[PDB]
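Taking it in order: structure first as structure tokens, then the write-up.
Neighbour counts run over all protein chains shown; Cβ positions are idealised from the backbone, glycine included. Basis: the model, the stated rules and, where named, an outside source; nothing here is a laboratory result.
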Amino acid sequence: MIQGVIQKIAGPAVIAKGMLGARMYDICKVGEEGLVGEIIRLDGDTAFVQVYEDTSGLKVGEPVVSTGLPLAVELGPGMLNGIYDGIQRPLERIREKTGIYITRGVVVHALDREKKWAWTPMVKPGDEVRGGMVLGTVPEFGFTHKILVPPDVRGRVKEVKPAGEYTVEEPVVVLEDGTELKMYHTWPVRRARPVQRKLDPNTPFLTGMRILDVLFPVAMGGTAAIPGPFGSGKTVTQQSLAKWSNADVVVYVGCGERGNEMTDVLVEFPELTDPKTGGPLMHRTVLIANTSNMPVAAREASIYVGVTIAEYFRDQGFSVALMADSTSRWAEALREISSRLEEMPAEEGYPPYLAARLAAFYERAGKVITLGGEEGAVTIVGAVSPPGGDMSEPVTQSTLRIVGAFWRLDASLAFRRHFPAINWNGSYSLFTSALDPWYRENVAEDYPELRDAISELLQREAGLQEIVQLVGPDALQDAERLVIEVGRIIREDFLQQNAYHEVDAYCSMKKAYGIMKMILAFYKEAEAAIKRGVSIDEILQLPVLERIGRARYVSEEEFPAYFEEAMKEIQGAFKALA
Amino acid sequence: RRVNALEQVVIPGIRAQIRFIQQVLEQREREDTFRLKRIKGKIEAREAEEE
Amino acid sequence: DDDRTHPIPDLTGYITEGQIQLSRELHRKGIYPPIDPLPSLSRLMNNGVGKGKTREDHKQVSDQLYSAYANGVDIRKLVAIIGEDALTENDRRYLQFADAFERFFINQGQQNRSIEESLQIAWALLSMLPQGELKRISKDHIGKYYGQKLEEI
Amino acid sequence: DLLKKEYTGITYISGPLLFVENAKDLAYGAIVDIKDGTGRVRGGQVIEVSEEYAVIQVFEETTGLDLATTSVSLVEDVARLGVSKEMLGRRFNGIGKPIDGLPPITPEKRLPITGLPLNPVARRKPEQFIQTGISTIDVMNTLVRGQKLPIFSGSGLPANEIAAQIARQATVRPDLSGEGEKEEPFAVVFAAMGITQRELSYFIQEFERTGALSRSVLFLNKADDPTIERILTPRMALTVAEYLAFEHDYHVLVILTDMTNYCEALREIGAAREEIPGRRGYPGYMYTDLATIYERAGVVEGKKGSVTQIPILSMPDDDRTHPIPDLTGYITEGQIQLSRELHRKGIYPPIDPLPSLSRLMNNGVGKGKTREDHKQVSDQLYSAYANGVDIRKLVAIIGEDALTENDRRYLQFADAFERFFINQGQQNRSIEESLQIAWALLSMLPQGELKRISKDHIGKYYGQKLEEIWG
Ligand SMILES: Nc1ncnc2c1ncn2[C@@H]1O[C@H](COP(=O)(O)OP(=O)(O)OP(=O)(O)O)[C@@H](O)[C@H]1O
Ligand SMILES: [Mg+2]
């Protein structure tokens, strides 16, 4: 291999000399401790290496060895129910070696080399195999893990191991030209995995939150962005999506965030149960953790590792949801590396190629026909942390040119404990019109009309609230105070949702449809009764107003009867009304 | 009512906008100063290639 | 200059697990300690309260206090423009709650308190509003603690 | 020549650049082939050549390149594109290679992709009125054949649907102009820079539904493609369009999906080379580079064909003073600006008429072209809408109960204008229907307040009620 020595150390950047022959974006092992680094600039006899670990204590003259391969991940059985480093190192195996602190120079295998898997073959000698085909199946925590041919491999099958129990690194299928296929293969994290075709998304991604599933839907192969200031509700939203969504597999990427949140996920999730099958919720989750005090250069690698894992699980036919805890920390890492490289920045110190990297990351989502003929999907929800809440910063503006849904958070709503604190005036979704045939046949035939009616009521209330705040609500007519009160009822009974309640944390589509029906029926009856001269104060004191306000705390089992009782009560109360 | 509305709403918003605009302009000025410093450094470093 | 969007408090708020913000307006009217509840936050609140730790009514009482104080502050902002004659009785009750909050709950000297005394004081102020406005708190907790007056004379 | 000359001796690879020392025989602006150690071949272009070393910008990514086995060989002296009449109905990538699985193009010619400036003596004035079927465009911001009329959009606004509708509904009106020539369909040249899968799928489905794929040439550069390839896509598209129009008498319509991506790639290359920036880090020569693209449209005297340009650009905020829209507005011949406030109220197409402009409107409207009252009606509509918009602010300040009768008339006019003239949906309106609706709206004002309209046209056309058409 190419082998040189350190010439200059400055921060996370090491310049090696004697490296004539190293290629761009290869992996190098720096120093005697074998720190992992990547080549990002070649200059004559030298090479510029960015190290993914801490560079303190290094001395000039230490060896630098190039492995000749780009950064990669090991894809195979044994990846669910685990938590990984930024560069795919299992943390729970690091703990057994180095105690309670993360030290550098630790080398572990990503997949366990000692566990046995029950192998069941699906090919026979004399078959022709291409990339993405299924060699066999292996059981997991209620899943059926398919062993796939690597995408660049082609040949004829010579022999197949019989059904039994083997480890990952044993060749199960030998091809005719000599290639031996194991239970795992490696893939470069900067290359998107191939597919046959890309399809149009036509089914919803059910998040379990009323406002995100009704007003601003997202499809099953779409992308969404959720920006907002600190303490406004990004992490709680993404963890609720992890708990309650209908995805088969969830990949959570905590790039540059607190270490306590990953501990909370690690502790709480084994006790819960997934909505799909039963059994613990952790059996469908993959965790990639890179906290804020961990090395900065590994923030970039964790995102690519997570998206490659999500793409691998897509190729088996599953539906995968991917959450990035903050993509602003990735931009900060890029800025730091470019500052070390002495490049000219574009805006706010960011390198000019930030938007290209962001567009290449988000473009990996979508519903596809896989090379094996099955159908998978990847949906990406990325969180943005703009400085000071300023929504004109480059990272926020670059994200809005590629995402299909824009869920905007507001600090004003979060101050008054109005959660999820989604600004329903500045948010939008481009998937609403494409999901209507699904809604008309899976929820109700008049659901879009009800949703549009609620949006119209919100718009009219927002229009009136400009007049109200300067003249006073007493001067308004009854037909306007009715709209104000109905808007408040919608705002506090429908949009508001508590993520820590035992019942309100999850909401089905039919429960939301029933609540919308109750609110619209009450509004219709009140509008009819206003014309007979009834005061607003008589309507506001009706006992049925409490029934609508308590409707969201009713469990999913008792709701279909509570709904009928409330409808009959509304009709009776407005028929017996003065 | 008009006096109180002006004093409690209109003036603070204008003041906040002025503060924001001034900070943005100052940031752009600082970035341009950094660029000029780099350009002067390159000019100085070019003048000693072969002595 | 009391700016929450300055880089130092903005970057601090992205790392820590909450903040306590002091208020200059509460300082001007002589209230000690001048802690503003609306921009204050504690993210690890829910881990250490509830059933088996302190009391079972802690979280709902906190939510109701926040909602009622927010409504009172909104009404107080409205009064300063229009004037204190167009208010209905409900909004007058919210204003009364808001002014009672600052001088009873927030204000204290070096008076060391217990959690249960403070919960009693919090339930005292929540009894200044009808049971129709206690929308967060469940029906069971209302029949257990509602309806007490200021025992401090 | 037929020999190939290879240049080993690369001394620097970083980002999109590459240095080679003994390459003094490489001409400026040449196209090269960069061969990997494993045989993969990538393209590049010389941007600075000296007797010391030459500088090359690489189109694809630089993964896998090394300083020992990489070699650079000259492909051609000048960047040229092999064009033909048989590229109609084909699909290409951002560098002209086919991606539809069909065999390559046998070139009738090879033309330079930078093009040459048109002689102003050889040009002629655009005169033919184009009926887009949208009232806010046909009546107030008229588009004529041979124009550059970009669309100024935002993040969540439907610019692509408007472009598809314009391409679907566009026609000339020989009966009104009296030319009498039977109209041929527009040929479409479509160039996409950094387009997403959602937008590309929408455009492909629309073109399949309208049956226009037999007349279309497509250059596709997707969002996961290399960034530096975007420098070449609009030049190739405009080269093909100019060839078709000025050699085979086609009437070509050109759509450019996002000029923001082109400017981003330009900024990347400029910042790599340490150029003197303009505003917000964009290079100081962006005006010249953008003008070399927009100024290739028009009509040439003595020839039947024409080139019409409809660029689409998303403003990086809702900011008209950003460098990209500012320079585009300085170069082009007007713009169509979309409004987010109109979009939130459920109005489609959400075209804001006040910041919009068409510079060539006076050439194609009037007596003998559309109708003799077109210009005065447009001016009166503009003045009345501006008055209503200004009265809205007075209402917001003092309240709508202290108004007079005239102010309430203007307020009602503005509301009815937004609800009836702008909002039309997916229907295709003729010019006469749009003028009828416009005269219906103007009849809600007193006859003495129509200052900008001549008294003869007022006598001829005033008085019709709005409910006779929409009631
Ligand atoms: N849906 C919700 N229901 C109830 N409470 C909520 C909800 N969302 C947020 N909160 C409350 O608001 C707090 C906001 O903290 P959170 O971790 O969500 O912030 P964030 O937006 O991720 O901030 P950061 O920028 O620091 O990462 C939570 O700790 C919780 O107390
Ligand atoms: Mg967070």
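Numbers at a glance
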read-out: Hits in region A:368-395 - residues which are polar (S, T, N, Q), more than 22 Å from residue A:319 (Cα to Cα) and either in a strand (DSSP E or B) or within 16 Å of ligand 1 (Cβ to nearest atom) (or both); value: A:385
read-out: Which numbered condition residue D:69 misses (of (1) under 15 Å from residue D:273 (Cβ atoms); (2) of a type in the set (S, T, N, Q); (3) surrounded by 14 or more Cβ atoms within 10 Å (Cβ to Cβ)); value: (1)
read-out: Residue in region A:331-339 that is crowded, with 22+ Cβ neighbours inside 10 Å, within 14 Å of chain D (Cβ to nearest Cβ), of a type in the set (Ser, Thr, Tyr) and farther than 15 Å from residue A:385 by Cα present; value: no
read-out: Close pairs from region A:492-504: first in the same structural domain as residue A:546 (by CATH), partner hydrophobic (A, V, I, L, M, F, W, C) and surrounded by fewer than 15 Cβ atoms within 10 Å (Cβ to Cβ), Cβ under 8 Å, at least 6 apart; value: none
read-out: Condition met for residue C:23 (in contact (Cβ under 8 Å) with a residue 12 or more places away in the chain, surrounded by 15 or more Cβ atoms within 10 Å (Cβ to Cβ) and either away from chain A (no Cβ under 11 Å) or within 16 Å of ligand 2 (Cβ to nearest atom) (or both)); value: yes
read-out: Near pairs, Cβ below 8 angstrom, 6+ apart or cross-chain, from region A:356-370 (more than 9 Å from chain D (Cβ to nearest Cβ)) to any residue that is part of a loop (DSSP other than H, G, I, E, B) and acidic (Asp, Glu); value: A:367/A:200; A:370/A:315
read-out: Unmet criterion (only one of (1) buried (at least 20 other Cβ atoms within 10 Å of the Cβ); (2) within 10 Å of another protein chain (Cβ to nearest Cβ); (3) assigned to a loop (DSSP other than H, G, I, E, B)) for residue A:398; value: (3)
read-out: Lone unmet requirement of (1) surrounded by fewer than 14 Cβ atoms within 10 Å (Cβ to Cβ); (2) under 35 Å from the mean Cα position of the chain (by Cα); (3) farther than 30 Å from residue C:75 by Cα for residue A:565; value: (2)
read-out: Criterion: outside any loop (DSSP other than H, G, I, E, B), hydrophobic (A, V, I, L, M, F, W, C), crowded, with 22+ Cβ neighbours inside 10 Å and within 14 Å of another protein chain (Cβ to nearest Cβ) - qualifying residue of D:192, D:245, D:237; value: D:192
read-out: Filter result for residue C:30 (within 16 Å of ligand 2 (Cβ to nearest atom), out of contact with any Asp or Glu (no Cβ under 9 Å at 6 or more places or on another chain) and among the small types (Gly, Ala, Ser)); value: no
read-out: Residue match in region A:405-419 (condition: within 27 Å of the chain's Cα centre (by Cα), over 26 Å from residue D:316 (Cβ atoms) and among the hydroxyl-bearing types (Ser, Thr, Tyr)); value: no
read-out: Breaking point among (1) at the interface with chain A (Cβ under 8 Å from one of its Cβ atoms); (2) surrounded by fewer than 16 Cβ atoms within 10 Å (Cβ to Cβ); (3) touching a residue at least 24 places away in the same chain (Cβ under 8 Å); (4) out of contact with any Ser or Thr (no Cβ under 9 Å at 6 or more places or on another chain), for residue C:86; value: (3)
read-out: Qualifying residue in region A:498-521 (condition: within 14 Å of chain C (Cβ to nearest Cβ), among the hydrophobic types (A, V, I, L, M, F, W, C) and within 20 Å of residue C:71 (Cβ to Cβ)); value: no
read-out: Qualifying strands (runs of 3 or more DSSP E) (wholly inside region A:1-58; at least 3 residues being in contact with an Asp or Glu (Cβ under 7 Å, 6 or more places away or on another chain)); value: A:35-43
read-out: Qualifying residue in region A:425-448 (condition: without any contact (Cβ under 8 Å) to a residue 24 or more places away in the chain, under 27 Å from the mean Cα position of the chain (by Cα), within 16 Å of ligand 1 (Cβ to nearest atom) and not in a helix (DSSP H, G or I)); value: no
read-out: Lone qualifier among A:346, A:333, A:405, A:359 - being more than 16 Å from ligand 2 (Cβ to nearest atom), touching a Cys at 6+ places or on another chain (Cβ under 9 Å) and farther than 30 Å from residue A:122 by Cβ; value: A:333
read-out: Enumeration of residues in region A:266-291 that are β-branched (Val, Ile, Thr), under 24 Å from residue A:328 (Cβ atoms) and either away from ligand 2 (no atom under 16 Å from the Cβ) or surrounded by 20 or more Cβ atoms within 10 Å (Cβ to Cβ) (or both); value: A:285, A:286, A:288
read-out: Leading residue by the ranking (surrounded by the fewest Cβ atoms within 10 Å (Cβ to Cβ)) among those in region A:194-226 that are in contact with a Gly (Cβ under 9 Å, 6 or more places away or on another chain) and in a strand (DSSP E or B); value: A:198
read-out: Qualifying residue in region C:95-118 (condition: more than 16 Å from ligand 1 (Cβ to nearest atom), within 11 Å of chain A (Cβ to nearest Cβ), of a type in the set (A, V, I, L, M, F, W, C) and surrounded by fewer than 19 Cβ atoms within 10 Å (Cβ to Cβ)); value: no
read-out: Of residues in region A:520-558 being outside any helix (DSSP H, G or I) and hydroxyl-bearing (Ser, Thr, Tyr), the one surrounded by the most Cβ atoms within 10 Å (Cβ to Cβ); value: A:535
read-out: First in region A:316-327 and touching a residue at least 40 places away in the same chain (Cβ under 8 Å), second anywhere and among the β-branched types (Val, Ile, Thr) and away from ligand 1 (no atom under 16 Å from the Cβ), Cβ under 6 Å, 6 or more apart; value: A:318/A:249; A:320/A:249; A:320/A:378; A:321/A:250; A:321/A:379; A:322/A:251; A:322/A:380
read-out: Condition check for residue A:260: within 15 Å of ligand 1 (Cβ to nearest atom) and crowded, with 23+ Cβ neighbours inside 10 Å; value: no
read-out: Whichever residue in region A:17-39 is of a type in the set (A, V, I, L, M) and more than 13 Å from chain D (Cβ to nearest Cβ) and, among such residues, is farthest from residue D:14 (Cα to Cα); value: A:35
read-out: Unique match (being without any contact (Cβ under 8 Å) to a residue 12 or more places away in the chain, within 16 Å of ligand 1 (Cβ to nearest atom), among the hydroxyl-bearing types (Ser, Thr, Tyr) and out of contact with any strand residue (DSSP E or B) (no Cβ under 9 Å at 6 or more places or on another chain)) among A:339, A:412; value: A:412
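Residue-wise test of (1) at the interface with chain A (Cβ under 8 Å from one of its Cβ atoms); (2) within 16 Å of ligand 1 (Cβ to nearest atom).
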| site | (1), (2) |
| --- | --- |
| C:39 | yes, yes |
| C:42 | no, yes |
| C:46 | yes, yes |
| C:51 | no, no |
| C:61 | no, yes |
| C:65 | no, yes |
| C:76 | no, no |
| C:79 | no, no |
| C:93 | no, no |
